[PDB]
Amino acid sequence: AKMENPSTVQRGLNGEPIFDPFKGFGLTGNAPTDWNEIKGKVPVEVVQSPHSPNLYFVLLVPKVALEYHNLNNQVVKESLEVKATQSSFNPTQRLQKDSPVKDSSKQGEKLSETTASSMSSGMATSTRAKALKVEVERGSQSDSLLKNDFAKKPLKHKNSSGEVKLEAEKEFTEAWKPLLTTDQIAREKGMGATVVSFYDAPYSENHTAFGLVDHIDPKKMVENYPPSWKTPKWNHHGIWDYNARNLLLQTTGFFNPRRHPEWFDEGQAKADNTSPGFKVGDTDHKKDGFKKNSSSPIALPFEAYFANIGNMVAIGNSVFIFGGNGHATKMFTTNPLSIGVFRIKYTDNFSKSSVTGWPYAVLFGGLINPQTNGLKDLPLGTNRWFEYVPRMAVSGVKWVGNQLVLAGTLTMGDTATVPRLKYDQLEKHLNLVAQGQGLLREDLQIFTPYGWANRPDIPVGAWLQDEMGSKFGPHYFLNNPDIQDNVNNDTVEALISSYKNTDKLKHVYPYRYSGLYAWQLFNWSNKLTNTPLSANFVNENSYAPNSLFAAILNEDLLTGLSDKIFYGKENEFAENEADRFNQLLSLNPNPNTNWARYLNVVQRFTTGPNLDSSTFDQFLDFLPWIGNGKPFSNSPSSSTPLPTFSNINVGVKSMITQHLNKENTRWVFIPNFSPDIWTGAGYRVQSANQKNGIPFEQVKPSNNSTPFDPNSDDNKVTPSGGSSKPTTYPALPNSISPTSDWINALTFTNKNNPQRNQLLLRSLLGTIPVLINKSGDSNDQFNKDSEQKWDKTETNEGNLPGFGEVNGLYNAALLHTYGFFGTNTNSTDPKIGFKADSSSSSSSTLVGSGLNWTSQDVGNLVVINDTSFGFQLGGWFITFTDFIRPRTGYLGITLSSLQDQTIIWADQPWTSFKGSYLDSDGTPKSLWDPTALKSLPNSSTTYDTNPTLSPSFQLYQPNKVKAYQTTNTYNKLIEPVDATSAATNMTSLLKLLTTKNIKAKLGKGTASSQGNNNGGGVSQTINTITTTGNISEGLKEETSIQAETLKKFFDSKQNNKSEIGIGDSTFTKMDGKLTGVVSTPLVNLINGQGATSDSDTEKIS
Amino acid sequence: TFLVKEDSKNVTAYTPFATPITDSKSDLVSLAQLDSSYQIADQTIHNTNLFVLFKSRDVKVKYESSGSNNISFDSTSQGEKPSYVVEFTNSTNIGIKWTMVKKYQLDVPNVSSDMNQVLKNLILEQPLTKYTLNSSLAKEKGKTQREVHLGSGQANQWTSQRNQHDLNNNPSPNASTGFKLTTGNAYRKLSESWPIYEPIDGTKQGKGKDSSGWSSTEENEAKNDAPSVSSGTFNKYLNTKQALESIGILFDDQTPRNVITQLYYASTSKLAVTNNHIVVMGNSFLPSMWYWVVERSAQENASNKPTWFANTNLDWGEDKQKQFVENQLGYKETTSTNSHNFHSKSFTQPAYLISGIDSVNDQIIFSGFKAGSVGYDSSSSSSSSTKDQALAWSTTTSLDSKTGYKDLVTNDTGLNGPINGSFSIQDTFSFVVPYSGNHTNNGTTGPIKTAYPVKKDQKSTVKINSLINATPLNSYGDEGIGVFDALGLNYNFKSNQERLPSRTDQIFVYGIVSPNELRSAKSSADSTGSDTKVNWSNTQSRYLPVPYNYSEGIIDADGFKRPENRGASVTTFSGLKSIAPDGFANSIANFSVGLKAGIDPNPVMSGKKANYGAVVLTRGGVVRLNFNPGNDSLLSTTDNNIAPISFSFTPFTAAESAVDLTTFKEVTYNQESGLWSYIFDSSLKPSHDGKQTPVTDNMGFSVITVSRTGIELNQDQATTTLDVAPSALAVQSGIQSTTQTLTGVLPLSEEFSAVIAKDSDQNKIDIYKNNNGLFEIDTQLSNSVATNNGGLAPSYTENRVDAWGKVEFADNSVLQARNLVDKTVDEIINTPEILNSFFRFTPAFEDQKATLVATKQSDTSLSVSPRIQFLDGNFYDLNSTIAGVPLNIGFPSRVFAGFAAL
Amino acid sequence: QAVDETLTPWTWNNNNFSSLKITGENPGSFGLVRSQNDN
């Protein structure tokens, strides 16, 4: 602001800088222009270019970011709306909950069963219902076709108090909105970031000289998005899935503003369905499907763009800005972040530059499981349509040794809403309907199995072929693989083969596909396959970073890649549904386009330790919770708390040999003579005498018309010869629990890798939710004794809900770990927990964890050495010990926790961390300023607001369930009741939905926690031996499974968290208003104090 | 200095300016005293010598079943035109004058007693066609293991009967033996002549091994179906005259020559250079029995016969791999001594789909795919049940096989008796047998026993002889087992899904070869009569699945397969459909070409020499081939659990996968930069379609580039030894064309390269950059270089910016202004800092600068010679001479006066 | 332009970067600093 008459370098003709070491860099007298609009930009970052000599940059960011959090909330509006709301607080009153209904004017346009089954020399005969004929022909018509079977729309929005539909102008009275649009920030200069090349002369009269001044233009982002991104409300499927989303009242497209408004320059103003880039809603079904105006493109608004600045690094003659982390513009629930990488090059020896930026989607398109040694089948891949929306949380790209590493978190493709809801089952699946609609920004992944469809991707016209459901709807029915048809030869070639599908026509088969959430995802989730660009079933892109990430990005390749990007025909969407019907995953790009050049850039990646299967969740069990320090297992020191994450040593051992076909299983999924596995909590069995497998008592009677009726004329198939046989398996698995674990029954397991990774992230954060019945209120207390019998979890004694709990864990064990009942957390038992009451229906909901360590949290990547590195995440300090050079038998990472309780529980514990670095001693640290804790702006103004915002506060909807049978609780799925109007009857339960009330109940709501007064000091991660994290002896031991053997290893080393890589960072207290650190190669100093004068060489001059 | 072929008979020296040199286009046929019927295959530079390998249209080799010299050239029909490899040297006054140095002949393979007898009843499947359909590849299945062991009416007593039939504990009563040769894709003897007709579907069409039937009426029927030149039918057959001719198989107008001549011409395809040897190898398109190991010091008429692959026992990686590979050839003890087969005579996989050859540090490297060899019955009566059939079976590793890639390869399943068949498991269908050893659904119940599927009753009366499969695959039978093994869909259900190695099908061959064992091969070739086998050590082989996504319906490769995948419509070749955009209509038979070894130019830590990584292409994914020069051997790590560190298959993307693989022409390893480049042009594609339609995309070329990333060996002492296989990474450069046809390639420099193409009989010049792999066209600079006066270099002008910028020598009084008059002439001459000050030079691009050299014209005034670079980086002046020819550029030499004598 | 004790080192909560470990010829850091002025 106040430097007078600066100048740029008086370069030579070809661009060299004239620098006499003493006379200094040659000045031009006049510095780079735009003084008026550039002197007012704070310097936030500075980088060195090692390739060229003594070159430097400064990152000039506008200061509205610096004071962002202090602006009037009227302009910067939170996504959630609260107002007075002096009527309790109904979490469902902002959710569109009315289900779709069949129309009374378009009955005959339902999908029509095929005329006559094609024998085709077919020796196999099936008594079940016959397939549907689905074909779309181009014919000859501009805005229509001759037959569009997908565009059949029998259902409609319920006419309840008018149409129920998503439309912002009355579903958001005060909608989320940015400050400056993408074009606005591009045209404006003083309010946008900037990178300036300049030169420093520490020992010359011309101390400083300047090079070039360069701006970062979001127009490069806009021009460099794939064309499909312009129409996110659509998708590659775009026709049947679009109609299904309309009717189910859920996401339109893959990245609509309704679920992700941060990147829409109109914000939530387009949180609707109209204008998806294709004709939609038109009466004639064939008419809809042709492209038209697209008024919902994806751009870089003010908040996302500012999150897109930070941790930039330079390589060779070009520089990259890899994105900020969003905290600067992160409000209480909305989560903006960096979406697309930025690149800057320089010509003729830093004489001129070009501004350009890329979408991270093309950067990360080339991902395959063989790359990562961590968890497989992740929702990371993509297809030729870049309807995948990555966005990185940046820990700081550092030149780690000889490789370039990007680490932090990114947002997985949404694996939560991959399932769908039956048309008449929206008012009794509040949890997932909210998780999808967009009124629940919580990204953990809830377990409601009753109402899933047989396939999440059945066209709407194929839903009402069996409207009653008594016939069990072979084309469409609530998912329940208890009835799943056999994959037996005769079964398959009788049910699906004969209905052969050509290019023009595809057959929706009557075959009863089914399977629990795991099979549902393994089918319709963008799991990574060994070939990249191999994700055809991509639903949506998640809320907030639930994926820890660390990858290696090719320095040479990224240098080579071209600034501008050109797209071929395949990049945009299908012209018309005639072409769409025959979509391919691979097509010949026009060689004159350079978009696919950017693909194979990621060398590898990792999110957790290099572990697989239930062993990984056993690790999850091992990791402790900062809120108390007690690990989830709690086993050390008979109605005792059971492990919540890992199902090992839970329930009773069942035989996979009796599961399903009963054939070829003794030595398939278990390399032991006795395939003994633990069915987990929530399991059921016939009785103590017989446990392995369960007879088909899972029969589902829709009406009172008797059970599912196997062996029925339709239910049994007849191949050539007349040997009638049933297509439903004899004996089913003994767990459809929320923690159901099945290595064999890949259609009954629930412990998927999205579960595993998201739980890793948010358990390291420590804010995994809970499901409760009773608060601490008198006469409404879930006391421990006489109502918590852990040993018996088959009955209601185990208090397992089975509906509304987050998949992959056990509620009672989770709450014991928290301390909501017992001495784990508070001196007096908080008397908060879940009961499996059998007297009548049970109402319940979820709440926060008390902690508020949000997910976008990240440190600064401290490069310990060329073989390991890390940063601080939340209150934990990770260290990618074995990522660059993974070693067999090593766990993969080491962890360090945080000491200061006042820091732990404070409202916003990330106005505390003030940068990270590597201390010269050989162990990094991070700064803490307890006096800087920026809590909520007001204590609910002055009146106690039941809804009070926070980093991790979300509209956890109620879940009301039917009464539970006292014995054999979970033979079938626990049916839900119509819970839409159950909010007013659970005011006490929703009182705990606010973190302030949670901490008030816990007894740690104020400074009453005692101990450190403020705890203003420096925290140091634990020293890690190169062997730290070794589990070499823990693995193997093929006498039984890896999960159990490592569970035994942990139980033999549970009290040795240091060796595994678990600990609390050492803390040192020094008085001072800590604000930052300064770095010198000899030693980094803190807060700018600690002047040194070369003690060793004092006597030389 | 740049040498590349414009056509099949001429190479020319090209300047770094991308300007062909006059009186340099040498007609090699005239030079080496070769008749015009010959053509040049490919050139290899080694110690500045443009070696060559010559092939001819007139070559004619005859085959006989009698006489010691069963294989010989067709002398009686003026057709004896043996190929020759010619050493070269430009030993002159430094000038562009190629001359003969040594003329080495390529001799006919010598056939000894045992392999003669085997060949007498040997047949070869007709070749791959660029239009080939998967339905054409596959063909009717055959009778199953039990149905051939106990015949029919053998059910309900399998458990009690299989013990006495050397099949104890066999859990697969429906084990397949292969596909019936009665009808389908044609097979022919070496003496026989291949048909130009490949049946569209193997379910009904074709005639196969029945040569007499093929001649009787199938010839006429097929010709009527797809006549050779759109009102045609082409409903059951597709003529492949044009495709066959394009892929390098010479014809007598319509009919081909005999199979022996076709194999000779195909094998004379590629050449490798070693300080003590120069080895020749066969093209990837069709297999090659034999190859040449030739010492360089031999005489000009040296009878340099090749060596059979059977004469050289490769190394597959494991003794168990060797055993599994040799077992499935043919019955060990035929007892019908006449019916000699590969296994009966202790032979080896004889047909390799050789990708490419190259030599680095005088070490040759070979890679490709292994073609299937199996026994066939030549009984034709009482005709046996299995008669007229293929005896093959995928030997995939069973599900229960424990962890460890070594264990996967060393498990017992698929030794001799087929075990992989239809099965049902949990909610899916593991086509692979879920059991091995004694493991069963009840636990240990008796180890699985197996033997070759041939009933002993016919042992004394079964005429078994080997065949050759013209593709990597082994069992063409239309079955889910084979389809999944080929396309890579089988994963073991364990928690850590381990890929199943299909033991003796779609296997990859790779590994360096030492000069000592090349000499051993030479000596084995010298031996005649009592053949002496050879052993290769530094070679290994691992399974390489075809890209799975090329097949319709198949989406995600996993272990839990969707129920719909069990249907015959999508788990059988005939039902299977291909979406492969790589110029192949099939999706099962893999193809590779264009190996080019190279030395990594990046620094290597002291004490360990330069590291070199070989790279071999393959559709849908490239793989790097890594070695440790400490022992110059295959890169490996101690832990047998992990896969061999030497090999790492890297999948492709849509753009580079869609690059047709029938256009490999040349590979230019940019040694200094360290980036390969596989040039590809659609001209090499066949002129007409299988349905006789003209090809509409015969013009247009592009390149594929490979670099190195991940972790490299011996960068520092930390990475002296590795545990992760280094991986190449193919990319699409950007140099592409849809109408232009290339004339040659130019890896000019680290940061620049050039290309030349002809479209309308006019030379097109498009000079390109190189940003470590990615090339970009600079029109502002490409246009300027054209101003060459029809000469070797562009001209310079002081009115517009061209390839050499704008240099403006300072005023004649710059000496007066800079006080340089006082200083001495010797001082100014010995002051490089002051010398450059005489001029101001504006570069036209990066890495361009103007300088000066000491010169003298007079005591008072002396001229200055302007010396400037070009995109190639070589400084130029009037005195710059290449090949002894001055480059006569025409620099104006500035002259400054005012030099004193104090 | 000289050192001003009024301005203080700090670190922004988007990148949290105020100390670049400089090496080569003039080791040190481009100390990022702001006034600690509250109110």
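Residues numbered from 1 in each chain as written, not as in the entry; some residues may be left out. Chains lettered and ligands numbered in written order. Part of a larger assembly, values for the part shown. Heavy atoms only, no water. Residues with missing side-chain atoms left out of burial classes, pairs and counts.

Going by the annotation in the PDB entry, the name recorded for chain A is Adhesin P1, with Mycoplasmoides genitalium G37 given as the source organism. Turning to chain A, the UniProt record has this under Subcellular location: "Cell membrane". Within the UniProt record for chain A, the comment given under Sequence similarities is "Belongs to the adhesin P1 family." (UniProt positions renumbered as here; feature names shortened; annotations may be inferred.)

Asks: How should the sheet that holds strand 12 (residues 318-321) of chain A be read in this particular structure?
Replies: Strands belonging to one sheet form pairs held by backbone hydrogen bonds; the direction of such a pair is parallel or antiparallel. All names here are of chain A. Pairing is antiparallel in the open sheet, where four strands are placed in the order 11-12-13-14. Since the sheet does not close on itself, it has two edges, and those belong to strand 11 (313-315) and strand 14 (352-357), each with one partner. Strand-to-strand twist of the sheet, defined as the mean angle between neighbouring strand axes without regard to direction, takes the value 20°. (Pairing = 2+ DSSP bridges. Helix = DSSP H or I, 4+ residues; strand = E, 2+ residues; numbered from the N terminus. Axes fitted to C-alpha atoms, helices over the stretch in contact; angles between N-to-C directions.)

Asks: Any chance you could explain the pairing of strand 14 of chain A here in plain terms?
Replies: Each regular strand carries side chains that alternate between the two faces of the sheet. All names here are of chain A. Direction of pairing for strand 13 (residues 342-347) relative to strand 14: antiparallel, over a ladder of six bridges. Looking across to strand 14, one finds that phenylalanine 342 is bridged to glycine 357. The hairpin turn running from strand 13 into strand 14, its antiparallel successor, is four residues long, and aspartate 348 in that turn takes a positive phi close to 50°.

Asks: Is there a simple way to explain helix 13 (residues 614-622) of chain A in this structure?
Replies: Residues that lie three or four places apart on an α-helix share one face, since the helix turns once every 3.6 residues. Residues and elements named next belong to chain A. Most of helix 13 sits inside the fold, with eight of its nine residues counted as buried. Within the span of helix 13, buried status applies to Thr615, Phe616, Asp617, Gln618, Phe619, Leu620, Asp621 and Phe622. Tucked into the core, helix 13 has its buried residues touching helix 14 (753-765), helix 19 (1042-1053) and helix 20 (1057-1060). (Buried < 20%, exposed > 50% of the residue type's maximum accessible area, 1.4 Å probe, protein only. Contact = heavy atoms within 4.5 Å.)

Asks: Any chance you could explain a negative patch on the surface here in plain terms?
Replies: Residue and element names in this part refer to chain B. Judged by side-chain charge, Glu672, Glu750, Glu751, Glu846 and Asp847 come together as a negatively charged surface patch. Within the secondary structure, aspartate 847 is located in the loop between strand 41 (839-842) and strand 42 (850-853). Residue classification places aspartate 847 among the exposed residues on the basis of a relative accessible area of 54%. (Patch = residues over 30% accessible without salt bridge, like charges linked within 9 Å, V, L, I, M, F, W, Y side chains within 5 Å. Areas by Shrake-Rupley, 256 points an atom, 1.4 Å probe, with all protein chains shown as cover. Salt bridge = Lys/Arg side-chain N within 4 Å of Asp/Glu carboxyl O. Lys, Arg positive; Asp, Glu negative; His and termini not counted. Charge placed at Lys NZ, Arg CZ, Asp CG, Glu CD.)

Asks: Can you walk me through the packing of helix 13 of chain A against helix 14 of chain A in this structure?
Replies: A pair of packed helices can be characterised by two numbers: the angle between their axes and the separation between those axes. All names here are of chain A. Where helix 13 meets helix 14, the closest approach of the two axes is 10 Å, and the angle between their N-to-C directions is 15°. Here helix 13 lies roughly parallel to helix 14, going by the angle between them. Crossing hand, helix 13 versus helix 14: left-handed. In this structure, helix 13 contributes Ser614, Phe616, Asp617, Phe619 and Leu620 to the contact, and helix 14 contributes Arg756, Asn757, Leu759, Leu760 and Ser763. (Parallel < 35°, antiparallel > 145°, perpendicular 65-115°, else oblique. Left-handed = near helix turned anticlockwise from the far one by under 90°.)

Asks: What exactly am I supposed to notice about the interface of chain B and chain A here?
Replies: Often, the extent of an interface is quoted as the loss of accessible area upon association of its parts. Between chain B and chain A, the contact holds 67 residues from the first and 75 residues from the second. It is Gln426(B), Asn441(B) and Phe560(B) in chain B that bury the most area against chain A; as a group they hold 11% of the surface buried on that side. Notably, a salt bridge pairs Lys527(A) with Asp558(B), separated by 3.2 Å at the nearest N-O pair. Summed over the shared surface of chain B and chain A, the result is 18 residue pairs in polar contact. Of all the elements in the fold, those that place two or more residues in the side of chain B that touches chain A are helix 13 (568-571), helix 14 (654-657), strand 35 (701-709), strand 36 (727-736) and strand 41 of chain B. The greatest single-element share of the side of chain B that touches chain A, amounting to six residues, is contributed by strand 36 of chain B. Tallied by class, the residues present in the side of chain B that touches chain A amount to 27 nonpolar, 24 polar and 16 charged. (Buried area = accessible area lost by both parts, 1.4 Å probe. Polar contact = N/O pair within 3.5 Å; in protein donor to acceptor, adjacent residues only side chain to side chain. Nonpolar A, V, L, I, M, F, W, Y, C, P; charged D, E, K, R; others polar.)

Asks: I tried to follow the arrangement of the chains on my own but got confused; where do I start?
Replies: For this structure, the chain pair with the highest number of contacts among two pairs of chains in contact is chains A and B. At no point do chain B and chain C touch; the closest pair of C-alpha atoms across them sits 21 Å apart.

Asks: Would you take a moment to explain the interface of chain A and chain C for this structure?
Replies: Of the residues lining the interface, 43 residues belong to chain A; the matching set on chain C comes to 23 residues. For the pairing of chain A and chain C, the buried interface totals around 2900 Å² over both sides, and the portion due to carbon and sulfur atoms is 59%. Broken down residue by residue, the surface that chain A buries against chain C is led by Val44(A), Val46(A) and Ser1079(A), which jointly contribute 19%. The tally of links between chain A and chain C comes to zero salt bridges. Scanning the region where chain A abuts chain C turns up nine residue pairs in polar contact.

Asks: Teacher, can you tell me more about empty space enclosed by the protein here?
Replies: Using a probe with the size of a water molecule, rolled over the atoms, empty space left in the structure can be pinpointed. All names here are of chain A. One number sums up the size of the largest cavity: a volume of about 260 Å³. Lining of the largest cavity is provided by 22 residues; of these, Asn335, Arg441, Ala544, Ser855 and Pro951 occupy positions nearest its centre. Looking at side-chain class alone, the lining of the largest cavity contains seven nonpolar, nine polar and six charged residues. (1 Å grid on protein atoms, 1.4 Å probe; cavity = no way out; pocket = protein on both sides within 12 Å on 5 of 7 lines; lining within 4 Å. Points joined across faces, edges and corners; volume = space filled by probe spheres on them.)

Asks: Teacher, can you tell me more about the packing of helix 13 of chain A against helix 19 of chain A here?
Replies: Residues and elements named next belong to chain A. Where helix 13 contacts helix 19, the axes come no closer than 8 Å and their chain directions differ by 20°. In terms of their interaxial angle, helix 13 and helix 19 are classed as roughly parallel. The two elements helix 13 and helix 19 meet at a crossing, and its hand is right-handed. Between helix 13 and helix 19, the residues in contact are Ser614, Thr615, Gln618, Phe619 and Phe622 and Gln1042, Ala1043, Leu1046, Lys1047, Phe1050 and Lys1053, respectively. Of the residues contributing to the contact of helix 13 with helix 19, the split by class is five nonpolar, four polar and two charged.

Asks: For this particular structure, what's the right way to read the sheet that holds strand 22 (residues 363-370) of chain B?
Replies: Residues and elements named next belong to chain B. Pairing is antiparallel in the open sheet, where four strands are placed in the order 21-22-25-27. Strands at the two margins of the open sheet, each flanked by one partner only, are strand 21 (352-360) and strand 27 (540-543). For this sheet, the mean angle separating the axes of adjacent strands, direction not counted, is 15°. In this structure, strand 22 lies alongside strand 25 (residues 507-513), joined through six bridges in antiparallel fashion. Residue pairing for strand 25: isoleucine 365 is matched across the bridge by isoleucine 512.

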